[PDB]
Each structure stands twice: as structure tokens, then as C-alpha cells.
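For this one, two forms of the same chain are given in C-alpha cells, first as structure 1 and then as structure 2.
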Structure 1
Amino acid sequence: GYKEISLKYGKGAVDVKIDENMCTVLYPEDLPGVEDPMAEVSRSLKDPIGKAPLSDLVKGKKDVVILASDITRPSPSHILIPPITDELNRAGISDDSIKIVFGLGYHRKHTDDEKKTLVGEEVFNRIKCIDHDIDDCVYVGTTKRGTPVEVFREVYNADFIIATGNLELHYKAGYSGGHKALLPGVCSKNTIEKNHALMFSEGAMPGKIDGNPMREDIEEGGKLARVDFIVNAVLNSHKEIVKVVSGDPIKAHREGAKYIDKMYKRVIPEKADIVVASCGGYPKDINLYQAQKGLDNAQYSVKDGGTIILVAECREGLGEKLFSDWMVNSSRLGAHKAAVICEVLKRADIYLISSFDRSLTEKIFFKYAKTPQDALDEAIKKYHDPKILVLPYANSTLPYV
């Protein structure tokens, strides 16, 4: 039989026809956000994972620090933090025994309005909210891989440290959240630099924790810094909270990672021959830089010598300046993501179905085709009873071997 698959392209949809017994179509389970997010937080806190509830951990603490993400990495801190302070208050901790510290890493300080954006005005008024000061860190150890862990003094000073943030697939750390709120967020330039170098390894990839060297280094540095407790928001593709996990910085994170996996990880027997990947329509395919995200997910599942068919309009062009310059071999996140594309092209072919014309499409080293069918029908010929994987929401769907 012949299967007929709508693939979103730009602000509409194309179609492809594939022999069903030759292809698998992997879909995400993109769950909708909970109706009462702040109540899901409190539910989470009452049912913590791998560790006692806060009610039993904090009695007598006088210097509690809550880590939150900065304006750059939008997290629902304003949803997570108020229920946390409610438990801290309930357990006898005054608001003057509580501080919020923003994990800037390299980024600039926040204005006051940005701070109120992050935690809510009510929290900002009753609790001190401090930016990471990257020049005021204190050394607490060195990891097995040689990262010196140097932590902002205000976090160093604390007798209790709660880490909050998002928990999603991450292209290098495997997943965000857990100890990542601390390393690199509230660490010195030496710490960020040395940990950042681990992202260039073959084990730093989405959906991988054990044997991911960046994530293992993060969790090791966070242990040297004695993170006591996490509260993490598991986010859907619309960045809405679908679940909160609280408790042990490892066990609560692992349970959050399985909720993410149920939504977006899709385990395949083996790497397939042809991967047909849509970005899921505009604006996920608004430019090639953004479309690289579906392509990154898709290239863990293409065989050496395989063919990717990337269905992405790229209405507004190649995207971020560094990524584009690298891709056009002009005469640092963007540059890496472009080299990621180049490495895949050494292993496989990539067809680009886009608004680009043939000259430009082949300048940047993709195959050209006017439709997804034309690209498939062409490369289906170059393979022998091929396995064909179809990702209609490649930007959020991670095939995994």
C-alpha cells in the first residue's frame, strides 16, 4: 500500500506518497499545558521524587537561595517560585531568609523591570532578587574532567539551595534542568569556559544523559556546589507547563526526562536510509537557522550514506548572521550549528525543499527539488528496499536509536 502524508511547509502543507511497508511516521505527543500551573507546582512539592518534601528539609535554615533562569532563557519562574516560598514560609522560613539569584552565565545584568518579569512583582517586592556576579565567585572543587567549579558568593553563602528552571530536550546537555541551573548559570568564566568545551564531543546530544559528558560534568559540578533540591517545569512545544518535578536533583530530573521522552523521544530500531523531515510549518521554518533544529533531531536517525529531505520554507532566509556566513563559506552558537550541518553533509545527502532557488540551495551544499515527492522519488532510486523515516514535526521530535 501507498501512504499519503501531509507535511507542513511555510504557512501551508505539501504531500508525499510512500509505500507504507517501507516507511515509519513518528509523531510527537505534544501534550497541552495544565489548567492550573501553580497548583501543579504545589502538587509536585507535596509529592517530591527521591527526597523528603521541603517541609522536612529546611527547618532552621537562615539563608535559602532559589536559582532562576535569566531573561534570555524564558522560564516560568513566576509560576514556580511563589508556591516554593509558600512552602518555605509554611516550614518557618521568613522572606528575609530567602534570596532569588538569577543564573546569568555570560549575560548582562537585568533591569528591575526584567527582574519583576522573571519572578513576579509580588515576589520581587518581598524577597531580594540578585543577579549572578561572574566576578565574585568562590572555588568549591574541580570535576573529573577538569572543570574548576567557581560559584557566585551569594550562592556559596547559602545553607540551602533550590534550583528551578525548565526541563526540555537540550541539543548538548541532553536535557535542561536539574544541576544546569547552577552550572553554568551561577559560575565563573573559568567554569563556563571549561564546561562549554565539552559540547564538542560526540556524547553531547539531545536525549542522552549517562555518558553525555557535558551533562555529567554539569551534575558533578552541581554536586560540588551542594544543590539540595530542584523544582523543574516540563514544557511542551508551546513552552507551557505540562508537569512539575520536584525533589532530588538527579532523581526528580530523571523522572522529568521520561515525561519529556514520552512526549518527544521516539526510539527506532536502526538508523533509516531516507529521513523526510518537516519543521512543522511557519515560523518553525522561518529561516534556515531555525530549521536546523528539525535537522539536528533528524540526523541522529539517518544512516551514513543516507538522504535527508528537509521540508522548510525559510521565508526570511538563512537566519542568524554567523550561522549564515558559515553556511555560505563567507570570505558562537550559530557557527557550531552550521558546522553541525556540514558534518552531516559529509555523512549523507540533504535535500532542501524551500523558498530558495536551485543556485542558492546548491551553493550551501544541499540537493534541490521543487517538491518533497520529487526529492523522495529521486533518492528512493539510490537505495535497496530502503527504510524511510518520516518526521512531520522534526523541530520537536527526536528519533533515538
Structure 2
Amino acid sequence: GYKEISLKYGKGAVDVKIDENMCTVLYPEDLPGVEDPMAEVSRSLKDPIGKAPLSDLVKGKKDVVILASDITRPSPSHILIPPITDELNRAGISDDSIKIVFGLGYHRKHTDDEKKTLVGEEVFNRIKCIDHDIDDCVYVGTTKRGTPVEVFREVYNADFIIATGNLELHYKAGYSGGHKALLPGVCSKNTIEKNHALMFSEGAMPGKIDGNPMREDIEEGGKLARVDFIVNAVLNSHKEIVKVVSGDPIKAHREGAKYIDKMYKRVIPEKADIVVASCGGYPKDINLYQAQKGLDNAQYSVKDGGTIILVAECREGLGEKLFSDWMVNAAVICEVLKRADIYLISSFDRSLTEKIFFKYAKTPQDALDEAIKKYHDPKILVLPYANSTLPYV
């Protein structure tokens, strides 16, 4: 036994020493970003998953709409959109038959400069770039979960809809991308409101599609809006494009989700009694609110009655105002995970750490030594990069 594992903590690192036969250490396999992203887009458009290529699908269309967004940054639009329009032009579709719609959801409209940023100045000059108008939607049906689907008129009017965006793990929708570009981004306040209520279901969790009510509602509303085709950028932890998937809004998305899974999903035979999770260093552990991203990932791998040891400096404090005010009087995950014990190894003192219901230890080793005593031959799981590593049972 007695393996030494170093865990990132703030701007440095700290060691923990574990019986090697008691523990297992899971690491992400962060792929490097492609050397030529636009060429990668072109590759995947010749290689569409679950659909014939754009060449065969858009013949004779006159109102192609491309969905882009920067609700989530960094947007891939300026890389994905030009190679798409190249394919449309190749198939005989002129720039007057092409339209780009930005999915605002609840957010404010874009300035001209911000639109040029999102699509590139050359696309902006050739092709109309239109902000979602949340007050100009058209009802197209209700999902089986009761979400009325009211789509922006520009999108409703289209004879062909190409959804673009990122594809990564999402803490509620399981994964981003696919039909998510349409629902709720270019839908009405009603669609956005009711769909968002599914966030609080028990199956709204990262890495889960089937049985995820939020993901299922999204893909359903997306299907009532008849999204035709997706182009999605698979990102790594540095938000670099490692892969592009194109084609059927369902099948292409599943392919993208397997690439994410190859990088970040670490399947686990059962839940551990002790989980040691580092956020991976400053500034991912800059404050407790941000450290939650590590804890939200570790929460699925600890047993009922288990112990999480969260290694996160939080030099800048509790973080976001509404989250912090809740902890001392958005925080949802911490509240859920309190069927286990949580040690916080941080720059906080014991009094503050305990005031927010964490257990306190000076170092991770001290926390693990006291936790190990509370269990009979505990299984120990160590997540050195918990902000991107998803243990999955």
C-alpha cells in the first residue's frame, strides 16, 4: 500500500498518503485541441452521423436558419458557422436564403459589434444576423411533460434549421448541444419557465440522457420545432475544440457525448465511502461557489453516510452573493450532499467552515485519517481534477 497522491490546492499542491489497496485515483484524459478547427468542421460535414450530408438535404431550400448562441461562453459560432455556409453555398443556397439567429433565452439583445464577434465580420456582412425576440414566438406543440413550445417566428418560418453550439457535460441537462440550441434559447418566456422547472428533478444530472427529464424535454421540444441538423463542438477543459459532430440532432449528439465520456466519464463499480476531491488548483478553487463544480461532480460517487473531503483554497471567500448569503443564514448541490459528511480543506478557519456546516481539518491528510476511522475497510476514491472528472456508477 501507501501510495502518495498530490492534490492541487490554490496556487500550489498538497500531498495525501493512502493505502494503495484501499483507494482508486481517477484522472481525466483531456485530449488536445485540433490544429485546424475549421477543417475539422468540414471533415465532419462530409461525415455526418445519422443523416445524409447537407448536399442532399438542403437542395432547393430558401430559408435556412442557423442557430448560434453565446449564453454559454466561449461560443464556437465564429469557427462553426463559416464552414457551414461554405457547404450551403456549395449546394446552391445563396446568402440571401441563409439567416443566423442568436439564442438569447432571457438575455438582452446583442450590439452590432457583439454580433460581428459571434459570427465573424465577413459572415455579418453577407448574411442577416438576428437576435431572438422572446415576445415574438409561435406555438408549435406541448411536450409530454407539459412544456408549451413557443418558437421565435424567424425560426418557425424556416424551411431548414441547423443547430450549432458546444457539446460538453452539463450539470442538469446531462450534456449541452443538440436540441438544446433551440429549447430554450429561441423560445418564449413560457417555454423557458416551464422547462427550467425540470432542473429540480432527481434525474437532471451530468452524464445522463435517458431518464433525464430536462434533457428529454429539450429533445422533445426540439423535435416539435423540427430541428433538421446539428453541428456541435466537443470541448475540453481548456474550452478548445477536440472534435466536431454533425448530422442527426439525436444520433450526432450521442456520438459527441461518447467523446466527452471518453475524456471525462470514469465509470465506478459502486459508490465509495470516502471521496477526496480537488478542484484542480487556482482559479478553479478561487471561491466556494466555484468550488461547487468539483463537489457537484463528486456527489454522485459517495455513499449514503459517506464522507467527501473537498480540497479547495477559496482565497477569495464564499463567492457569489446570493449563494454565500444562503450558506451563512444556487447552493443546491451542497444542500443535497448533506446526507454525507463534507470536509472543507480551505483557507477558512474552523469557525467559519463549521458555520456553513462543513467539517474542518487543517490538511487533507488529517481529514482522511479521521474519516477512515469512521468506516470499516472503506473504499476510497480520489479525484485530483474533480471539476472535470465525472465518476459514474
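Whichever C-alpha set is largest while still superposing within 1.5 Å between the two forms counts as the rigid core. Shifts are known only where both forms have a C-alpha. Structure 1's sequence is the ruler for residue numbers, which start at 1.
When the two forms are superposed on their rigid core between structure 1 and structure 2, the C-alpha shift of 2 Å or more among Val34, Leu57, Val344, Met38 belongs solely to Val344. Superposed on the core, the two forms barely differ at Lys194: its CA moves less than 2 Å between structure 1 and structure 2. For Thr72, the Cα coordinates differ by 2 angstroms or more between structure 1 and structure 2 after the core has been superposed. With both forms fitted on their core, the C-alpha atom of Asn395 sits 0.2 Å from where it sits in the other form; this compares the forms between structure 1 and structure 2.
Comparing the shared residues between structure 1 and structure 2 on a common core, the stretches of 3 or more consecutive C-alphas each displaced by at least 2 Å are 70-74, 338-346, listed in sequence order.
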